[PDB]
Amino acid sequence: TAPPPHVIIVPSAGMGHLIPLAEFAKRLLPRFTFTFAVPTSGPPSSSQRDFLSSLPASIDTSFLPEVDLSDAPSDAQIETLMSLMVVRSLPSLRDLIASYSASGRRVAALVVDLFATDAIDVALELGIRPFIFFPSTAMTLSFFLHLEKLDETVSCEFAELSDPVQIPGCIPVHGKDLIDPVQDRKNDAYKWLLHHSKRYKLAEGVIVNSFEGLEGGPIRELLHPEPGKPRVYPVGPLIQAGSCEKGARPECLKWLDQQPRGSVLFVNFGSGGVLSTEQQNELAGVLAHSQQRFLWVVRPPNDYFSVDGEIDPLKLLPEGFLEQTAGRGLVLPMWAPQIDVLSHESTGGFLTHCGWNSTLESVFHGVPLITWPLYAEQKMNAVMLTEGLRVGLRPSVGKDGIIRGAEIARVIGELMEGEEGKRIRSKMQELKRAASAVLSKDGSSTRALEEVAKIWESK
Ligand SMILES: O=S(=O)(O)Oc1c[nH]c2ccccc12
Ligand SMILES: [Mg+2]
Ligand SMILES: [Mg+2]
Ligand SMILES: [Mg+2]
Ligand SMILES: [Mg+2]
Numbered sequence: 140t141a142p143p144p145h146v147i148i149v150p151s152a153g154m155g156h157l158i159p160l161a162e163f164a165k166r167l168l169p170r171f172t173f174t175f176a177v178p179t180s181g182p183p184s185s186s187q188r189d190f191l192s193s194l195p196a197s198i199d200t201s202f203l204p205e206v207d208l209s210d211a212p213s214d215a216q217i218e219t220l221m222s223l224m225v226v227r228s229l230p231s232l233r234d235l236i237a238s239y240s241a242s243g244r245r246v247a248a249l250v251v252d253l254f255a256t257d258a259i260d261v262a263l264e265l266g267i268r269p270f271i272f273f274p275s276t277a278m279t280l281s282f283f284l285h286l287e288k289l290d291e292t293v294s295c296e297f298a299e300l301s302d303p304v305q306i307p308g309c310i311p312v313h314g315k316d317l318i319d320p321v322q323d324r325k326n327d328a329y330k331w332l333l334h335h336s337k338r339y340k341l342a343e344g345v346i347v348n349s350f351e352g353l354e355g356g357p358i359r360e361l362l363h364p365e366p367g368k369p370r371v372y373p374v375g376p377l378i379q380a381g382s383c384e385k386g387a388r389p390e391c392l393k394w395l396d397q398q399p400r401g402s403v404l405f406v407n408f409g410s411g412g413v414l415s416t417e418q419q420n421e422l423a424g425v426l427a428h429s430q431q432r433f434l435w436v437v438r439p440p441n442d443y444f445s446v447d448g449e450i451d452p453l454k455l456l457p458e459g460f461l462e463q464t465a466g467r468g469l470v471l472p473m474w475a476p477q478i479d480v481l482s483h484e485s486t487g488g489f490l491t492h493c494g495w496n497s498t499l500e501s502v503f504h505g506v507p508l509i510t511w512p513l514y515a516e517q518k519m520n521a522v523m524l525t526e527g528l529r530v531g532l533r534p535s536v537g538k539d540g541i542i543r544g545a546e547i548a549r550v551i552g553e554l555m556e557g558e559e560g561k562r563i564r565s566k567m568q569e570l571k572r573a574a575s576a577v578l579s580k581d582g583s584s585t586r587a588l589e590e591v592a593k594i595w596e597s598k
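First residue of the sequence shown: 140, per our numbering; consecutive thereafter.
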């Protein structure tokens with residue numbers, strides 16, 4: 140029995156990033172031990188502590204001493220605050236790695252999230268193999284690697300372009316659908332994104348949470364060796380599992396058991412996927428007059444109370460909405476067991492914000508999508524899902540930023556009924572089979588994990 144090498148993980152801010160990073164680590168146990176070296180700007184939340192403490196013993200956590208970000212503009216985007224958090228935590232990261240190295244442990248790799256490339260300098264100075272973990276699409280990774288060239292060939296704001304932007308190996312995308320932090324090139328968020336994208340070549344490999352069956356074009360382009368381009372390791376789809384391992388007995392799953400097969404539309408924009416009052420009313424009015432069964436996770440709009448103290452969103456729904464939907468739809472406040480809903484046989488569609496974790500969970504369970512992108516790279520994901528793979532439908536937004544009921548109803552109807560919705564469903568089942576094929580004991584993604592593991596163990 141050999142001593143397990145140690146691996147340090149530097150995540151970018153967000154539970155959405157801890158989830159796929161923990162799944163990645165869990166699939167390399169017990170060959171290594173891990174430490175989540177978590178930059179902080181304040182007391183770690185109870186959600187972070189609870190999630191990280193629930194992991195296997197071989198994955199430890201160190202919350203780095205909090206840094207001060209009050210000097211940043213109050214309008215600073217999240218990419219800027221995330222980059223500032225890492226840079227200012229590097230001394231603490233050095234002290235953490237020193238505690239392990241001083242005890243005799245071999246530190247075999249430093250895994251940094253997509254906006255934590257400034258920690259790569261520490262790894263290079265200490266003879267530690269730097270790797271980047273990319274929790275988004277291969278399409279978005281290609282955009283990152285191409286951003287330098289795009290920045291030097293385009294002077295105007297991207298949303299002003301008439302022709303769609305062409306990324307090597309990707310479907311074209313109009314500038315207005317490019318990731319949020321490139322929509323204002325004067326903002327620090329764009330400069331930070333440019334900064335990180337030029338540093339991906341400093342890593343010995345990029346680990347991307349996707350697979351070739353889902354993004355053939357981008358993956359095959361990325362795998363093609365080129366000078367100045369890092370090696371890429373598709374290891375997706377890395378997602379959490381259902382609750383059938385503890386002991387369809389949750390309340391909302393009992394309702395799904397009664398409904399017909401593949402007949403329910405699941406609505407969930409995820410935490411932070413808040414709608415305006417006007418936008419939520421448009422969605423509620425369509426569901427109220429529809430004959431479509433739905434399961435809707437509702438959150439208080441950004442513009443009385445419940446048992447714990449949070450505002451009760453289902454009392455903010457329009458007049459007698461719960462009367463018009465009593466037997467056909469089910470409303471849930473704040474949270475729902477998403478993976479258990481997507482795995483349920485009664486679930487036929489998923490209205491999602493196109494966060495990549497949620498998309499991968501839907502693909503793995505063969506549930507076609509209504510793509511309602513909100514922020515980050517979600518609009519790029521929507522284009523790839525709907526115009527590329529054709530496994531979902533996208534409602535068009537109006538000039539005032541509101542998606543009207545006529546569009547919500549159009550895509551719902553076309554997806555759950557209509558012939559195009561059947562083709563979409565058929566295509567999504569093909570991706571479902573392809574997803575479980577790359578994660579098998581001898582799967583394409585399981586092999587990529589092996590390559591990474593052996594590299595970490597080499598020398
Ligand atoms: O958790 S997020 O808010 O999505 O983090 C992110 C902000 N912008 C991003 C662009 C591409 C991928 C991830 C991004
Ligand atoms: Mg705390
Ligand atoms: Mg369907
Ligand atoms: Mg998500
Ligand atoms: Mg964003």
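Don't be surprised by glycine CBs; every beta carbon is placed ideally from N, CA and C.
Where does residue i land, buried or exposed, given buried means 16+ other C-beta within 10 angstroms?
i           : result
residue 397 : exposed
residue 593 : exposed
residue 309 : buried
Mind checking which residues open and close the beta strand (DSSP E) that includes residue i?
i           : result
residue 137 : In the structure as shown, the chain starts at 140 and stops at 598, and residue 137 therefore has no counterpart that could be examined.
residue 372 : 371-373
residue 472 : 468-472
residue 201 : 198-202
residue 292 : Careful: residue 292 lies outside any beta strand (DSSP E), inside the alpha helix (DSSP H) at 277-292.
residue 490 : 486-491
residue 175 : 172-177
residue 217 : Here residue 217 belongs to no beta strand (DSSP E); instead the alpha helix (DSSP H) covers 217-226.
residue 344 : 344-347
From the DSSP output, read off the bridge partner residues of residue i.
i           : result
residue 636 : With the chain running from 140 to 598 in the structure shown, residue 636 is simply not present.
residue 367 : For residue 367, which the question treats as bridged, DSSP gives no partner whatsoever.
residue 450 : 444
residue 416 : Beta-bridge pairing links residue 416 to no other residue.
residue 531 : 508
residue 312 : 304
residue 273 : 347
Alpha carbon to alpha carbon, how far is residue i from residue j?
i           : j           : result
residue 413 : residue 441 : 7 Å
residue 294 : residue 300 : 10 Å
residue 620 : residue 274 : There is no way to answer for residue 620, as the model of the chain reaches only from 140 to 598.
residue 429 : residue 351 : 38 Å
residue 548 : residue 453 : 21 Å
residue 143 : residue 172 : 6 Å
residue 451 : residue 462 : 17 Å
residue 278 : residue 496 : 15 Å
residue 149 : residue 424 : 44 Å
residue 597 : residue 402 : 51 Å
residue 259 : residue 216 : 23 Å
residue 213 : residue 317 : 24 Å
residue 576 : residue 583 : 8 Å
residue 265 : residue 256 : 15 Å
residue 326 : residue 252 : 21 Å
residue 221 : residue 270 : 18 Å
residue 376 : residue 276 : 10 Å
residue 388 : residue 517 : 32 Å
residue 571 : residue 198 : 30 Å
residue 519 : residue 435 : 24 Å
residue 546 : residue 525 : 15 Å
residue 580 : residue 392 : 30 Å
residue 492 : residue 196 : 33 Å
residue 573 : residue 535 : 30 Å
Figure out for me which residue from the options has the closest Cα to the Cα of residue i.
i           : options               : result
residue 498 : 151, 379 and 196      : 379
residue 481 : 158, 496 and 501      : 501
residue 322 : 286, 355, 307 and 344 : 286
residue 408 : 511, 317, 439 and 555 : 511
residue 490 : 555, 219 and 538      : 555
residue 530 : 162, 195 and 564      : 564
residue 263 : 341, 231, 212 and 190 : 341
residue 483 : 415, 552, 523 and 404 : 404
residue 432 : 445, 468 and 446      : 468
residue 314 : 256, 476, 270 and 289 : 289
residue 245 : 569, 145, 519 and 486 : 145
residue 568 : 514, 522 and 506      : 506
residue 514 : 160, 566 and 319      : 319
residue 439 : 571, 471 and 387      : 471
residue 201 : 234, 140 and 543      : 234
residue 284 : 184, 324, 177 and 358 : 358
residue 153 : 494, 209, 566 and 561 : 494
Going by DSSP, what residue range makes up the alpha helix (DSSP H) through residue i?
i           : result
residue 498 : 495-503
residue 432 : First-last for residue 432: 432-437, but that is the beta strand (DSSP E), not the alpha helix (DSSP H).
residue 338 : No alpha helix (DSSP H) holds residue 338; DSSP gives it neither H nor E.
Under 7 Å from any heavy atom of ligand 7, does the C-beta of residue i make it?
i           : result
residue 453 : Of the ligands this structure carries, namely ligand 1, ligand 2, ligand 3, ligand 4 and ligand 5, none is ligand 7.
Does any CB atom of chain C fall closer than 8 Å to the CB of residue i?
i           : result
residue 472 : The structure shown has no chain C; it contains just one protein chain.
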